[PDB]
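Peer 1: File protein06.cif below, mmCIF, C-alpha atoms:
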```cif
data_data
#
loop_
_atom_site.group_PDB
_atom_site.id
_atom_site.type_symbol
_atom_site.label_atom_id
_atom_site.label_comp_id
_atom_site.auth_asym_id
_atom_site.auth_seq_id
_atom_site.Cartn_x
_atom_site.Cartn_y
_atom_site.Cartn_z
ATOM 1 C CA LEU A 53 -5.901 -53.872 -21.657
ATOM 2 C CA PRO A 54 -6.073 -56.942 -19.328
ATOM 3 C CA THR A 55 -5.474 -60.471 -20.772
ATOM 4 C CA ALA A 56 -7.471 -63.569 -19.697
ATOM 5 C CA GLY A 57 -6.860 -67.285 -20.464
ATOM 6 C CA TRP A 58 -8.443 -70.736 -20.544
ATOM 7 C CA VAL A 59 -7.877 -72.797 -17.357
ATOM 8 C CA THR A 60 -8.179 -76.533 -16.641
ATOM 9 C CA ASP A 61 -9.717 -78.125 -13.509
ATOM 10 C CA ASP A 62 -8.346 -81.715 -13.581
ATOM 11 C CA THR A 63 -5.377 -81.735 -11.120
ATOM 12 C CA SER A 64 -3.578 -79.372 -8.726
ATOM 13 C CA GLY A 65 -0.187 -80.162 -10.394
ATOM 14 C CA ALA A 66 -1.047 -78.912 -13.933
ATOM 15 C CA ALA A 67 0.379 -75.457 -14.872
ATOM 16 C CA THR A 68 -2.751 -74.877 -17.062
ATOM 17 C CA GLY A 69 -4.780 -75.078 -13.798
ATOM 18 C CA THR A 70 -3.257 -71.770 -12.521
ATOM 19 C CA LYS A 71 -5.346 -68.613 -13.228
ATOM 20 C CA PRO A 72 -3.194 -66.078 -15.180
ATOM 21 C CA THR A 73 -2.316 -62.703 -13.653
ATOM 22 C CA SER A 74 -2.854 -59.528 -15.693
ATOM 23 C CA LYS A 75 -2.443 -55.758 -15.158
ATOM 24 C CA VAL A 76 -4.168 -52.669 -16.557
ATOM 25 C CA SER A 77 -2.145 -49.457 -17.092
ATOM 26 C CA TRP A 78 -2.554 -45.763 -17.936
ATOM 27 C CA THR A 79 -0.309 -42.860 -19.061
ATOM 28 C CA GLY A 80 -0.490 -39.082 -18.687
ATOM 29 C CA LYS A 81 -0.313 -36.454 -21.422
ATOM 30 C CA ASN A 82 -0.477 -32.649 -21.232
ATOM 31 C CA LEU A 83 -2.611 -30.024 -22.959
ATOM 32 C CA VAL A 84 -0.144 -27.052 -22.861
ATOM 33 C CA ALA A 85 -1.135 -23.414 -23.545
ATOM 34 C CA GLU A 86 0.935 -21.418 -26.061
ATOM 35 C CA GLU A 87 0.614 -17.823 -27.249
ATOM 36 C CA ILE A 88 -0.127 -16.238 -30.662
ATOM 37 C CA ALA A 89 0.835 -12.541 -30.852
ATOM 38 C CA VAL A 90 1.407 -9.606 -33.258
ATOM 39 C CA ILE A 91 2.158 -5.865 -32.986
ATOM 40 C CA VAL A 92 0.823 -3.493 -35.721
ATOM 41 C CA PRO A 93 2.704 -0.125 -35.574
ATOM 42 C CA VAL A 94 1.567 3.023 -37.489
ATOM 43 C CA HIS A 95 2.449 6.766 -37.520
ATOM 44 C CA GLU A 96 0.110 9.104 -35.555
ATOM 45 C CA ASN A 97 -0.186 11.372 -38.663
ATOM 46 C CA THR A 98 -1.487 8.399 -40.707
ATOM 47 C CA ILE A 99 -4.254 7.942 -38.073
ATOM 48 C CA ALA A 100 -4.918 11.715 -38.025
ATOM 49 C CA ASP A 101 -5.127 12.143 -41.854
ATOM 50 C CA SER A 102 -7.074 8.943 -42.821
ATOM 51 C CA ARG A 103 -10.873 9.189 -43.397
ATOM 52 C CA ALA B 2 25.798 42.947 23.812
ATOM 53 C CA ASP B 3 22.789 43.011 21.500
ATOM 54 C CA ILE B 4 20.948 40.777 19.043
ATOM 55 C CA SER B 5 22.728 41.509 15.775
ATOM 56 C CA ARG B 6 21.157 40.608 12.453
ATOM 57 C CA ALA B 7 23.555 37.675 12.110
ATOM 58 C CA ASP B 8 22.495 36.353 15.517
ATOM 59 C CA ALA B 9 18.893 36.201 14.281
ATOM 60 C CA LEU B 10 19.652 35.334 10.650
ATOM 61 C CA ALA B 11 18.071 31.901 11.077
ATOM 62 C CA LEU B 12 14.735 33.534 11.978
ATOM 63 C CA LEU B 13 14.391 35.893 9.020
ATOM 64 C CA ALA B 14 11.631 35.397 6.485
ATOM 65 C CA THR B 15 12.351 34.427 2.891
ATOM 66 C CA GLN B 16 10.750 35.405 -0.390
ATOM 67 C CA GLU B 17 10.965 34.065 -3.939
ATOM 68 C CA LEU B 18 9.658 36.012 -6.968
ATOM 69 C CA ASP B 19 6.291 34.656 -8.190
ATOM 70 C CA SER B 20 7.462 35.055 -11.858
ATOM 71 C CA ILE B 21 10.608 34.533 -14.005
ATOM 72 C CA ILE B 22 12.925 37.178 -15.526
ATOM 73 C CA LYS B 23 12.759 36.301 -19.283
ATOM 74 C CA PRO B 24 12.355 38.193 -22.624
ATOM 75 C CA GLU B 25 8.786 38.856 -23.793
ATOM 76 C CA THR B 26 8.166 36.259 -26.545
ATOM 77 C CA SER B 27 8.026 37.249 -30.253
ATOM 78 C CA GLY B 28 6.045 34.507 -32.018
ATOM 79 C CA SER B 29 6.591 33.729 -35.752
ATOM 80 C CA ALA B 30 6.923 36.680 -38.143
ATOM 81 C CA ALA B 31 5.401 34.388 -40.821
ATOM 82 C CA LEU B 32 2.304 33.566 -38.663
ATOM 83 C CA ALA B 33 2.031 37.284 -37.762
ATOM 84 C CA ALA B 34 2.239 38.660 -41.353
ATOM 85 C CA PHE B 35 0.569 36.032 -43.637
ATOM 86 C CA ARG B 36 -3.133 34.906 -43.556
ATOM 87 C CA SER B 37 -3.511 31.145 -42.695
ATOM 88 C CA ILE B 38 -6.113 28.349 -43.336
ATOM 89 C CA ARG B 39 -7.160 25.301 -41.255
ATOM 90 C CA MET B 40 -6.096 22.096 -43.055
ATOM 91 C CA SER B 41 -7.935 18.755 -42.515
ATOM 92 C CA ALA B 42 -6.032 16.389 -44.886
ATOM 93 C CA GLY B 43 -2.208 16.991 -44.709
ATOM 94 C CA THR B 44 -2.117 17.938 -48.467
ATOM 95 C CA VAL B 45 -4.750 20.697 -49.286
ATOM 96 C CA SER B 46 -5.354 21.752 -53.011
ATOM 97 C CA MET B 47 -5.200 25.434 -54.264
ATOM 98 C CA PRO B 48 -6.854 26.681 -57.552
ATOM 99 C CA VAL B 49 -4.989 29.738 -58.950
ATOM 100 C CA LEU B 50 -6.308 32.074 -61.661
ATOM 101 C CA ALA B 51 -4.234 31.793 -64.826
ATOM 102 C CA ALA B 52 -5.807 33.827 -67.604
#
```
Let's see the structure in the file written out as structure tokens.
Peer 2:
Amino acid sequence: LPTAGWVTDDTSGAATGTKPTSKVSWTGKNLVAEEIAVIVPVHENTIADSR
Amino acid sequence: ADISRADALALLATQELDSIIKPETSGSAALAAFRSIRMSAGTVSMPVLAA
């Protein structure tokens, strides 16, 4: 977030008369795809003989 | 000087038999002799007279 401050208005020489600088910043992050998998093997005769 | 058969060998027609020289097949003596049933389950059941 940016940061502000209180500033004086009395004299040009006072350091408290200078308006403060501030930045804003951002970062990246990634939503990365990943894979769930399984193989279910069975004998053809099991498939043939089951009801 | 004449056209011998060797001189015209490259022009002669060719012929391959349309069938193979093989024994006539027997089939199983068991399948030929014994009566068979269609199975649907892999392990059929068989009641046999006992008394």
Peer 1: Which residues match the PyMOL selection byres ((chain A and resi 55) around 12) in the file above, as an MDAnalysis selection string?
Peer 2: chainID A and resid 53:54 56:58 71:76
Peer 1: Rounded to one decimal, what separation in Å do you get between atom CA of residue 96 of chain A and atom CA of residue 46 of chain B?
Peer 2: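 Atom-to-atom, atom CA of residue 96 of chain A and atom CA of residue 46 of chain B are spaced 22.2 Å apart.
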Peer 1: Can you write out as a Markdown table which residues of chain B fall within 12 Å of chain A, alongside each residue's closest atom pair and its distance in Å to one decimal, counting all atoms listed in the file and ordering rows by chain and ascending residue number?
Peer 2:
```
| residue | atom | partner | partner_atom | distance |
| --- | --- | --- | --- | --- |
| B:40 | CA | A:101 | CA | 10.1 |
| B:41 | CA | A:101 | CA | 7.2 |
| B:42 | CA | A:101 | CA | 5.3 |
| B:43 | CA | A:101 | CA | 6.3 |
| B:44 | CA | A:101 | CA | 9.3 |
| B:45 | CA | A:101 | CA | 11.3 |
```
Peer 1: I need the residues from that last selection saved to file as an mmCIF file, in the coordinates of the input (with C-alpha atoms), if you can.
Peer 2:
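Saved as selection-v2.cif:
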```cif
data_model
loop_
_atom_site.group_PDB
_atom_site.id
_atom_site.type_symbol
_atom_site.label_atom_id
_atom_site.label_comp_id
_atom_site.auth_asym_id
_atom_site.auth_seq_id
_atom_site.Cartn_x
_atom_site.Cartn_y
_atom_site.Cartn_z
ATOM 1 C CA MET B 40 -6.096 22.096 -43.055
ATOM 2 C CA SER B 41 -7.935 18.755 -42.515
ATOM 3 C CA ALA B 42 -6.032 16.389 -44.886
ATOM 4 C CA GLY B 43 -2.208 16.991 -44.709
ATOM 5 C CA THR B 44 -2.117 17.938 -48.467
ATOM 6 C CA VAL B 45 -4.750 20.697 -49.286
#
```
Peer 1: Quick one: distance from atom CA of residue 31 of chain B to atom CA of residue 51 of chain B in Å, one decimal?
Peer 2: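 Computed distance, atom CA of residue 31 of chain B to atom CA of residue 51 of chain B, equals 26.0 Å.
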Peer 1: What is the distance between atom CA of residue 95 of chain A and atom CA of residue 38 of chain B, in Å to one decimal?
Peer 2: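 Calculated distance between atom CA of residue 95 of chain A and atom CA of residue 38 of chain B is 23.9 Å.
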